[PDB]
Every structure is written in structure tokens, then in C-alpha cells.
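Next comes just one chain, in C-alpha cells: the form deposited in one PDB entry.
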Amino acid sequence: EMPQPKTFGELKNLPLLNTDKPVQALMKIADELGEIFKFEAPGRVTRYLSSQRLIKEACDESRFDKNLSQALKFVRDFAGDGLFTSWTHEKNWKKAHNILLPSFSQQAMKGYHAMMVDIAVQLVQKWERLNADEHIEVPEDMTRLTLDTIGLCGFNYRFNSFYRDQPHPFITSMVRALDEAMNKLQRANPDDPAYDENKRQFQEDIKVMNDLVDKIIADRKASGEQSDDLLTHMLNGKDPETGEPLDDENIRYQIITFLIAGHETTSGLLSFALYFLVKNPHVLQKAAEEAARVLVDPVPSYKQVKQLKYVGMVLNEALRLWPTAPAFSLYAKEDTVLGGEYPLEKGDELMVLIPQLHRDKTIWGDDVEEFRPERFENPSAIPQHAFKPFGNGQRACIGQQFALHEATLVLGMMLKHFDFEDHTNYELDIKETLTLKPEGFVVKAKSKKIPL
């Protein structure tokens, strides 16, 4: 007798996801029904998990492996067998995993630091150059930053997002590709002639992304020039197990994948972090005091970024409340029983609803809606599988250290260089595009007039 939300005859629970904010809907359902609920659609079923008690079993890699949700299957049409949209048992997953992990270590970030600073300084300069009555469109500027950072650090390519209003022909295609994949989740009969125009458009965007990226691949191969970026590492890199390199088609899929995941997740993080800071002035002040104490040079060093302890706590608390990639899907590797109560058969699916996990009162206390970075004073105190904004196990975010170093550097610089004003008393409105962002979030930034 597993709880299940309201049904719509033969459509079962499907129309519940016919909303612009499905994750927030699922969270509300979770509040009503508790740690587990069944979700059915025609010809399919999953179970949404919200408690640490159940999710710690789900995160047992001997019992469950990553499933490609429906959203991911559609993303796969353009991200292919890149790391994010591949099955664990695909040869290209384990090859790419083995090859790329070294280039994504905490220690590899030393090599990317200079290129991260390049983009971060562009952001700071932009804000320094605004006139008095002007304001900042936060998610928009964080996206310019994060896209450009992954473009530069990973492929030595400048999207030059701070020189534009109209973003790159690649990104528009990529955004529109992501849009189309999102929509198909609420679409009876995909072969309907009504959607011929949508299929047409989907195809055009893939060609944009594939042509640009392949071209860069080939230019670099011909060139033979040595950067230390992700692309170089991939061109020369051999998988220790097979002894094979990634082929050029897979390298493309990896590039598209890095560009997608998670420029948008990382910009979300920065946007939510600044949101929580301006809504919690004592926390902002503590974070600003750290930045001023630590960032003593015009150019932040790698070591200095590692010393921004409180800024790191701020980012983790923002990830707790609004994890920007808010769910991931699993399947049972064999018949097993979840929580001593719910029998599952091989192949049965789960969804881990991360925002709800992160609101588990048995783990976090009663005050789960409050923004308190101090929860992360000692991150080791957090029980296993209680905090999972970067997913689980061998299928966890390969970009976690990149994202966190980038976000810490930038937020550090922001807090060093400006005072912030929530001049509209912004009301949180979370836009969902698979990922989460605070739509319409704006601030004013008054320079502290500290030279770069």
C-alpha cells in the first residue's frame, strides 16, 4: 500500500508533471505523502524517495545503478554517450570516466585557476563599470560567467559572453535543444504530425553544436598545440584498463556534455547563493569579512580560494536548500527489499528527490527551511548519503571540484569588491528547465573601490 498522489483515470499520475514547476510539485507531494511515493504514467512506474533512511539504501551501488530518466534519454539525442547520458555498462562510460577523472581532481584545479580568474575578473569589471541607478540581472550574469569559464578552461574557446546580449549560436541551439527535450515529457503520441516542426528544429540545433565542436577538435589536432585543458587531456589520454583513447565522436559528446552540465547548474548555485546572502545580512557580513581577510592580493591565488572556508559553507547551504540538478534516477540491479517494507524487482526504478532529502528533519533538525551555513562547520559530521547535491558513487558529478572552486573564487571576489542591495525585495520564483534558477533575481552592487 505505497502512498501515491492523485490520479487522472487512464493517464494515472502523468498530468501532475504537466506544469512549469514539476520538481516543486513533487516536493509538495512529498510533504503530503512522506518518504516514499509511487508515481505511475501510462506504461511506466517509478518511486520517489525523500528520506535519508531510504536513500542510503538506494545509494548502495551493489543494489542500484544509475538509470537514464526520460529527460536524460532525450538529452542523449544531443549529449550521446558522453559521461552524463551513458549507462554504466557502456564501454565509453568507463573509458571516459578513467581518462577524465584525473583532469577533474581538486589538484587539477591549480591548472585551471588562471583561466577561472580571467572570466571572474571580466565579471567584476562589468559590475565596476555600471552606472549608479543600474542593476544586475543575477542568473543572466552568472550564466555568462560559468559558460565562459567551462569554454575557456576546458577547450580554450572564448564564448565572450560579457561582450554580448545575443548569446553564442551554439548556446541558443543548446538551450533550444534542452527546451525540446523538456517538453517531450508531456506529449502523447510522439509521432503526431503536429510535432513535425519540433523534430525539424531539434535536428538543426544538433548540427550547430556538432559542427562547432568537431571543428574545434580538428583545428586542435591539426594545430598540435599544447594547452593543459580538458580537450588536450582527452586527445592524448589513454584509459589504463583498456589502453584505448576516446575516439573523436565521443570527445565531442563529452564537450557538449561539459558545456551543458553544469554551466547551468553552477550558475544556478551562484544565483541561489547570492539570493540567500542578500536575504540574510548577518551571513553576508560574515562571508564578506572572510573575503576581505583572505583575498589580500588583487588577483586571488589558488591557495586563497581554498582558505575561503565560510564562503564554502555558504555554497553548501545553498546546495542543501536548492540543489540545482534536483533529482537523479536509479534502477534495481537485482530483486531487493527497500526499508524492510517495499519489495522491488530487478529493473524497478527510483527517483531521488534531492531537495526533500535535504529537508529530512531526522538529519537536519526542525529548522530545515532556514539558511544557516554553520550547519557545515564540519562537513564530516553529516551522515552518509544525507547531502547529495552531486549525486552518488561512481556516477557522481565529475565536475564537483571544478564547480565548487569556480563558485568559491567568484563569490569570494564578489564579496571583496561590492556591497549588495536587494533593491526590489525580490520574491523567490524558481524557474525549472530540468535545472533550477531564481528567475528575475536582481540586485544593485555598490563598489568598495578596491583595484584589480
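When you see a residue number, it is the position in the sequence shown, counting from 1. Definition used throughout: the rigid core is the maximal C-alpha set that superposes within 1.5 Å between two forms.
Below, we refer to the form deposited in another entry, which is not included among the displayed structures.
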**Prompt:** With the two forms superposed on the core, which of 155, 170, 331, 364 shows a CA shift of 2 angstroms or more between this form and the one not shown?
**Reply:** 170
**Asked** Can a Cα shift of no less than 2 Å be assigned to residue 209 between this form and the one not shown, given superposition on the rigid core?
**Response** yes
**Prompt:** Once everything's superposed on the core, is residue 340 shifted 2 Å or more at the Cα between this form and the one not shown?
**Reply:** no
**Message:** Does residue 106 shift between this form and the one not shown by 2 angstroms or more at the C-alpha, the core having been superposed?
**Reply:** yes
